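This report concerns only the one structure given below.
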Amino acid sequence: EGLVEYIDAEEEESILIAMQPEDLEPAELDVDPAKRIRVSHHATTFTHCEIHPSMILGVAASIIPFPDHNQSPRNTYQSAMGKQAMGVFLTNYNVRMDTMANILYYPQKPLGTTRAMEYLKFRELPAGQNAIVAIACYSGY
Amino acid sequence: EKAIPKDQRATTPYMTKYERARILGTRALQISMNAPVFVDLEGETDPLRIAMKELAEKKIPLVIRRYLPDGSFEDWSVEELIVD
Amino acid sequence: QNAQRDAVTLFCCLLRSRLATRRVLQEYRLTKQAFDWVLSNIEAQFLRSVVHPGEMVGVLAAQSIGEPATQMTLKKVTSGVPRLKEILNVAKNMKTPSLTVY
Amino acid sequence: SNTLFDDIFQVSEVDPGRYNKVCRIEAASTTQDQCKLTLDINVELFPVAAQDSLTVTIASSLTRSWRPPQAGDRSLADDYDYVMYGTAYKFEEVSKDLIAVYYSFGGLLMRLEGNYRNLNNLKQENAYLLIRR
Amino acid sequence: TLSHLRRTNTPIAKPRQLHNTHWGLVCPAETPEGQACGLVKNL
Amino acid sequence: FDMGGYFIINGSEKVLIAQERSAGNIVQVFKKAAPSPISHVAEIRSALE
Amino acid sequence: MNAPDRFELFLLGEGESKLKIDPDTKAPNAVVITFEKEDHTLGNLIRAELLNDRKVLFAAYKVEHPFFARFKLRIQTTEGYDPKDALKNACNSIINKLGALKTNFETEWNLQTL
Amino acid sequence: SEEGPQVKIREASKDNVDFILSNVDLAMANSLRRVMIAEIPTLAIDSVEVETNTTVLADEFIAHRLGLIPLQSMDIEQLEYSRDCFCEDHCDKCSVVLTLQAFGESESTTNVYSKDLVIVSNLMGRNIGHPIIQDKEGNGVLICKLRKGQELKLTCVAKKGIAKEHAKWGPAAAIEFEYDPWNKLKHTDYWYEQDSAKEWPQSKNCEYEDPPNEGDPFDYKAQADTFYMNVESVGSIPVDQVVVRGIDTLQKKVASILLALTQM
Amino acid sequence: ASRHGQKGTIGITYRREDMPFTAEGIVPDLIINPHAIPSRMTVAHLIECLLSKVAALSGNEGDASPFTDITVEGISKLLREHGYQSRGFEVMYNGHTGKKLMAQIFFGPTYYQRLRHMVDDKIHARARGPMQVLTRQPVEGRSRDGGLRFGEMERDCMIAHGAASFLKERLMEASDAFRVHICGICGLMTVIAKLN
Amino acid sequence: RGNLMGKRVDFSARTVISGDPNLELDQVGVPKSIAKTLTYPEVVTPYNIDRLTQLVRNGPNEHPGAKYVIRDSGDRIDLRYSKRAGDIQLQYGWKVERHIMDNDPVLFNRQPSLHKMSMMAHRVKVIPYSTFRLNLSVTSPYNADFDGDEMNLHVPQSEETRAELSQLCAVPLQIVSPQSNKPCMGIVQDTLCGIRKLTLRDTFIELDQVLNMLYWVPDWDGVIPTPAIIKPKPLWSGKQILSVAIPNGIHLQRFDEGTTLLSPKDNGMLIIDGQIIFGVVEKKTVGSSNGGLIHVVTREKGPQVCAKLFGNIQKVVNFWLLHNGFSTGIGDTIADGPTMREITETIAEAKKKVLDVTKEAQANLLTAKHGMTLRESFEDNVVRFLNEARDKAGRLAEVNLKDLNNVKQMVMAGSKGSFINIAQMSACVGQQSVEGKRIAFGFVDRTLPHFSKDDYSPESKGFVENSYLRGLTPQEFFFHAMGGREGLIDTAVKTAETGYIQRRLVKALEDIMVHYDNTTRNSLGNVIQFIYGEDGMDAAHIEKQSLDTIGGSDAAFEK
Amino acid sequence: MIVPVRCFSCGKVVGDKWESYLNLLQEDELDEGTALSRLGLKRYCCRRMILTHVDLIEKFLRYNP
Amino acid sequence: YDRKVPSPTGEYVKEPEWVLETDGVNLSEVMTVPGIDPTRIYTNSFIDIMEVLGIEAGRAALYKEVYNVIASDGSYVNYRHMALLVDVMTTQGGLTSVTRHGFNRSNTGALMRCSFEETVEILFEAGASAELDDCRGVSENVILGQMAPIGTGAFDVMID
RNA sequence: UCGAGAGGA
Ligand SMILES: [Mg+2]
Ligand SMILES: [Zn+2]
Ligand SMILES: [Zn+2]
Ligand SMILES: [Zn+2]
């Protein structure tokens, strides 16, 4: 229909994209101080608009909640730990015969979920538990 | 052949950690092999503590042979050698 | 004998400085018994502070410099691990050859 | 083994130095004008307001381990509302015929001016601070 | 499994460092750390 | 939930990792080294599509 | 593979009697008791009841390591007053309080209706 | 009534019991709530023999699940520990045997609820081994799901124990415990971003204790002796016996001391 | 570990009574030190507690998607409407003593992942046994029940102490000690020997 | 280099390691499974035979026990299965390979063994579970963490070997380090964060707490210190109770900032005869700091006293903290409401500064500073301007942090914190950097394709105005990813060079030993130094002592 | 892969409350908060056992063997 | 550069001075230039100082650059260690580096040098030249597994 | 035995 295009690495040199599709609305204060400071764009010759920025992250980085609030090397560290977590790797774990296959007894869908999670079935096939965690200074163990 | 005379010697009379540890190890090793004990041990049953207590009363009859860089040596009896 | 006198020269500078007659009797009013105890104490402590012959001093020094190098990690001067590599294998050409004029 | 010092003060300023239950107080002996005192007072146990006239004393008694109180059997030389035990740590020769004495009451500090007590206030671990109505 | 099926491998002036041109084509921070950090990347 | 995309050689599921290469049939200009007789180069890697 | 059985937390081993009593070497009228197979559930009650006896000078317990469940209790008291008598006082007074508690509660429960 | 600790029951049910426990030294309350959770004994599955299992799940998975089902243990005192008795492996005087059999005949999935467990040993007239059922429909706990053509057959031997050995022998769930609602003892230092009163909400327990007077200074000889507790039960034992047997196990715990002291 | 690089093994496991209990009786499934929070700057974990708490109580789902204008102030407004302290803190009582903890504890639900490194599949200790034929040294790897490495890195440390006898032990008796005849005149291993 | 200077050795082990505060310093938490597997050959003697025969009877599948017996003939007696497994009578002169038992010396390890004190002797304390438990204050000399770390443990086989572990390889001996002439280990983390909380004047301890706290100290005199306050309540100060851990005869003097002898802030340190006169205790006082408490005790009292002292401090402080409690929320990183307005408008003032400098450069009116090109000068001005922005914003936040806030407390004692972390989590994370410069143009003349070309603004060159708490925008996140990736490249890159550097140093000077005349030399004999260290004294044998003759006016020196 | 009998944190048997949860949603058209509240899971420790539960067992049954 | 210096009284006080920092090194022709202090001047390169002022001067320069590397990270290591390494480089006579060819060719045995780079070449030339090994070095004895004269092995032990 | 890849500090 013509409402979407496939931009390769070289072609986006010649085009001006945009973060939100409400960057194309008119201008003319009262605001919430906790929200992130967003650079007023000052640009108006747009060609494309981003589908949604969250898509820059891969699958393993899609899992992280609030990576925008988090140290970058921490997200790198997580990305290599999340492929290490135990869980239900396949629904047919019983039928298959493979050399190693640890499986979580009681997987739970995480209470804090990326919206991108929905398309990798993390809530459908998770690999962690909603532990009640208390950061605390207890016995020093 | 040549030796370093007892009268003129210029090495630290105080025994270093390394000779104390070696000497204690030698003593404990031979003590383990049913060797005679030269102190009235106060119920001590460990060759390490046995050797330490022999040393403390200077009942250990061994001599060091500190070798100098020229090939020459200096003998230092355990009596001579001090411990702080 | 000269090398001995040399080897304690700064220690003797400190030593004479602290044991000034006025200071020995005014800043801290030492008595004879206490002064003799102090004099013997220092001899024992110093003679305990001698290098025990047999120490593997080179290996110790190498590790002593090398361990903090592992900790090294982050006015445009060349410093850090690259500077250390320059220093170590006598780089003929240096990334920052500089000079400070007095 | 008797009282080493007694005087009467009026507090000048109460300093809650970022402390929830502790205050820092400065007060000069009203009778002897040239003698002042600086000391840390727990305010939760003994409330100390500004411009309060308080009696102040120091004793040497009235090692051996502590014995918890039993009725008035172990009668204690005080009819006070606040007391402390500390240990002298410095004595300052400020100037001729004037002296200053420092105490650290297990953390809480003290400072005492004036030469009037030619006697007592020895360089001694034993020290009691006693405050009255 | 997914993140294995979305991987690359650059066999070998500054390849490891992340680039302005990687925005949206390669995940910014997901990569092994150590032997091959940034040489091996995920989509 | 299996998404596919793997082969089964000798019974072991196998994945071909996408190899990364510099593109072919493009022109690049490279400033050469300081102690080098030639100042610049422009290289083309020619391979038949 | 390594964990000791859970039953060691409340079951005495071979020739491990319940309490071992040792006189404190340094202090006077002082004793250390190595309760076996018990912990803060029980020991804290004993110590806190020792504090109430006004002729009891010292009462304190400590757990060497939470792996094991053997905690020491040490006592000191007035002259001519073996701490075991203060300990007996404490335990028996505790028991009286607990029985009174249970009976009062039963009365309230039977008063209650639901 | 009787001199000592005074208890006022506020609200009551077989599942929940909330009361005020007056005039008790705090250490007693911690220790009682501690032993209320653990040392109090109760019967639950400790052994399982799985004959035929065609389920999706693994047997040890099902055996774990079986352990945590709550079985009636009101008369557990009449029963004895296996470890104590003299039988070869187990007997009717210490162990109660249960049998579980299910087969998938329906096109739809056949469940395996708690009620389908059956009791095989000689009861000998004790209130022992009944799988507790609080589910409104009556089915109770759900152990496994079975397709058409799947069967599961096993035998479970329940034994006496306590929560200190394993958490299935735990008669209580979560016990509320809070004292000095207004922090009048200064027994917790509030973390306040602006105003401690506005940021932290008052608990219901503040309703009963008198509000503080700021003009009055900190009372220092006051100590904690009034507590607000709420005990919950899994149904294995009614709440009243949970707390009563907690007290009784605590006083037995103490009594062994007296005997052992005598032996010295 | 969690989803934010907060790795770490278990130090000790406590029964529920030993655990510090909140007023409602809830007991932490897990306890971690607060000292890993500042140095690593993992505020995402630290916010996940709040979002997961409000989603657990409210009965919805936590929206932790990146580049969303969701704010801690609003999340905490909802949490306050659920009767808890807005920034996640909770009054906590010590389990051993029942005396209230002076510092109210940041406590709530935080998704955690079980990692693939379990000790007993890494535990290994060896006294004697298998040796390579070529080197007459223990075969490499615990899978083959082999011995560990006394590296040149370790040899340096032993050198630095001057511990010559321990060092001889490690490099001969405790690994591949051997006795060989030699002829002095050639000064080599030419010699032929029959010892019986 | 791999089969001759670094052989694979027997009598070795390896585990996930954990830290245990009720373990003392030279103890190690070897598990039974390892202890049953490892052995020591011990020759039978009259002193040992009576225990050793019982051990041989006990067997190898439970502990204590023994797996092997060696005889006059020289042929093994495998005790795992043998008909005479239970009727042994050991003649004198027979070796018995018994399991390692408590208070045995074993050489610990953690690769990479950079320095000599990353491999030191330990006393066995056989414990149940499958982890090498070890003391907390041992993490600094191994650079360990309980996050999946693995540590080896070699076992001696002769009496001289055992001695050398005890006599020169022991942990107390390495408490003072030749390198950086000062202590190695120090109080860390929960103990260090707790000492600060305990020592505060405002912290006052009750009687019931004091008796247990007193008992917990292992070597305790049995003398209950008289309370600080004797009046409305007998109360104890945290300093007073802590003092019991410190032995008699230890004096310490330290002065911080405005430390009058009547200290106002309770800062600095004056400690008399093992009593704490005044000062809050923290890392400067009890860390690995030069001139610290550990530094005093190790040479004044001895190694053994201070090795015991580590455990004693730990046991008191862990208990008090355990019942005081501590935890870090994210209310601990929310700066004051008005302060946030001030912070963001501060950033705005710096933003305007960058704009106006930019326009001035756009008019080609930039005073070209000496040396730098015009574009370089623009760079430096802007980079430093934005760095001012982030540092001033952080210190506007740090100033604005109340005392209850945990993160300050962690920073305050030096347990685990620094200023900049507060800045990046509560003010503004800062400016990213690649190869020194800001985020350069990857796309031709623009950083990202959401920016117009030739844009040198702060937002488009890598500045991250938003804070970790507030949340980074998509472009900020990508720029941050660039910076973090470069940092990780460096991290991976630095180490290998550092390992090679350490290897080259060690192999260059490995022959260097002081001879029996203080002539530092090598195998050739050619002198390197005529007296080691240009004073003939070793490195732990050192202290920062001021010489009062160097400084001062000539009259003041005269007087 | 199946409803856990009890909540790990506290211990209230949530296992008998699963099938009722789904009935609450599908026929009474209730939001999940009120769905768990009807069941009486007052404390969130047990509450997140059912909200965050993924009943994988259905996929496992469908394989005929 | 702010710099403290003796005041006429004798007390030390700051005496700030203007000092120029360059970008290239040609020490040989810069110190001679007038208007400057030609005894104080200092370069960042020890090799040029070695060429001009002498090896003893080059030693202090070498040390000071190692020191600056260390102290720039807010660190400190005792003088003896660094000075011993610096002395090892200087004592050979030139500026012998810590590298495969800078120092490993020497008189220091064969196995000693063959335990670190050019293993087979070190041994090849050693056999070609009939190199003598004292086996006093640690590495030679480590290869041979005997007790190396290290610390405990430095002294022989005999009876009375 | 040999090379290969994937991992943990
Ligand atoms: Mg690690
Ligand atoms: Zn039976
Ligand atoms: Zn021959
Ligand atoms: Zn629950």
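Each chain in the structure tokens gets a letter, A, B and so on, in the order shown; residues start at 1 in every chain, and ligands are counted from 1 in the order they appear.
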
(request) Set the cut-off to 7 Å, count only C-alpha atoms (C1' of nucleotides) and all ligand atoms, and list whatever residues fall near ligand 2 as a list in words. (result)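 What falls inside 7 Å of ligand 2 is residues 82, 85, 86, 87, 89, 90, 91, 92, 93, 94 and 95 of chain H.
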
Only C-alpha atoms, please: the residues just picked out, written as a compact mmCIF listing (two decimals), in the first residue's frame.
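Result written to out_3.txt:
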# COMPACT_ATOMS: atom_id res chain seq x y z
CA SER H 82 8.32 -43.68 62.82
CA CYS H 85 8.60 -46.90 67.04
CA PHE H 86 9.93 -50.46 66.69
CA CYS H 87 8.35 -51.58 63.40
CA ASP H 89 9.71 -49.99 58.25
CA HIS H 90 6.33 -48.59 59.31
CA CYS H 91 3.09 -49.67 60.98
CA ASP H 92 -0.37 -48.39 61.91
CA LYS H 93 0.91 -46.91 65.19
CA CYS H 94 3.17 -44.39 63.42
CA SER H 95 2.41 -44.27 59.68

(request) Would you please give, as a PyMOL selection string, all residues of chain C that DSSP assigns to alpha helix (DSSP H) based on the backbone? (result) chain C and resi 2-7+9-18+21-25+32-48+57-71+81-88

(request) Choose the residue, out of J:278, J:129, J:456, J:40, that has the smallest atom-to-atom separation from residue 106 in chain D; count only C-alpha atoms. (result)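 Smallest distance to residue 106 in chain D is found for J:278.
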
(request) Give as a list in words the residues surrounding ligand 1 up to a distance of 6 Å, considering only C-alpha atoms (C1' of nucleotides) and all ligand atoms. (result)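 Within the 6 Å cut-off, the matching residues are residues 145, 147, 148 and 149 of chain J; 9 of chain M.
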
What does the file look like for those residues with N, CA, C and O atoms (P, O5', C5', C4', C3', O3' and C1' of nucleotides), as a PDB file, in the first residue's frame?
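out-v5.pdb written:
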ATOM      1  N   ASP J 145      35.209 -12.240  44.854  1.00  0.00           N
ATOM      2  CA  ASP J 145      33.820 -11.866  45.075  1.00  0.00           C
ATOM      3  C   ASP J 145      33.045 -13.164  45.220  1.00  0.00           C
ATOM      4  O   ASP J 145      33.396 -14.172  44.607  1.00  0.00           O
ATOM      5  N   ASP J 147      30.385 -14.382  43.788  1.00  0.00           N
ATOM      6  CA  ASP J 147      29.500 -14.220  42.642  1.00  0.00           C
ATOM      7  C   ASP J 147      29.673 -15.351  41.634  1.00  0.00           C
ATOM      8  O   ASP J 147      29.207 -15.235  40.491  1.00  0.00           O
ATOM      9  N   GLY J 148      30.340 -16.427  42.032  1.00  0.00           N
ATOM     10  CA  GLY J 148      30.627 -17.535  41.144  1.00  0.00           C
ATOM     11  C   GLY J 148      32.111 -17.819  41.108  1.00  0.00           C
ATOM     12  O   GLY J 148      32.579 -18.626  40.293  1.00  0.00           O
ATOM     13  N   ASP J 149      32.872 -17.158  41.979  1.00  0.00           N
ATOM     14  CA  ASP J 149      34.316 -17.344  41.995  1.00  0.00           C
ATOM     15  C   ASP J 149      34.678 -18.772  42.389  1.00  0.00           C
ATOM     16  O   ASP J 149      33.910 -19.499  43.028  1.00  0.00           O
TER      17      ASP J 149
ATOM     18  P     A M   9      30.505 -14.566  35.791  1.00  0.00           P
ATOM     19  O5'   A M   9      31.837 -14.256  36.605  1.00  0.00           O
ATOM     20  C5'   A M   9      32.290 -15.141  37.617  1.00  0.00           C
ATOM     21  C4'   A M   9      33.621 -14.708  38.169  1.00  0.00           C
ATOM     22  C3'   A M   9      34.171 -13.398  37.632  1.00  0.00           C
ATOM     23  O3'   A M   9      33.571 -12.260  38.223  1.00  0.00           O
ATOM     24  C1'   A M   9      35.881 -15.015  37.625  1.00  0.00           C
TER      25        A M   9
END

(request) For ligand 4, list the contacting residues at 7 Å or closer, counting only C-alpha atoms (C1' of nucleotides) and all ligand atoms, as a list in words. (result)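 Residues satisfying the distance criterion: residues 7, 8, 9, 10, 11, 12, 43, 44, 45, 46 and 47 of chain K.
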
(message) Which residues are near ligand 3 in this structure, taking near to mean any atom at most 7 Å from a ligand atom and counting only C-alpha atoms (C1' of nucleotides) and all ligand atoms? Format them as number ranges by chain.
(response) I: 183-188, 190-191
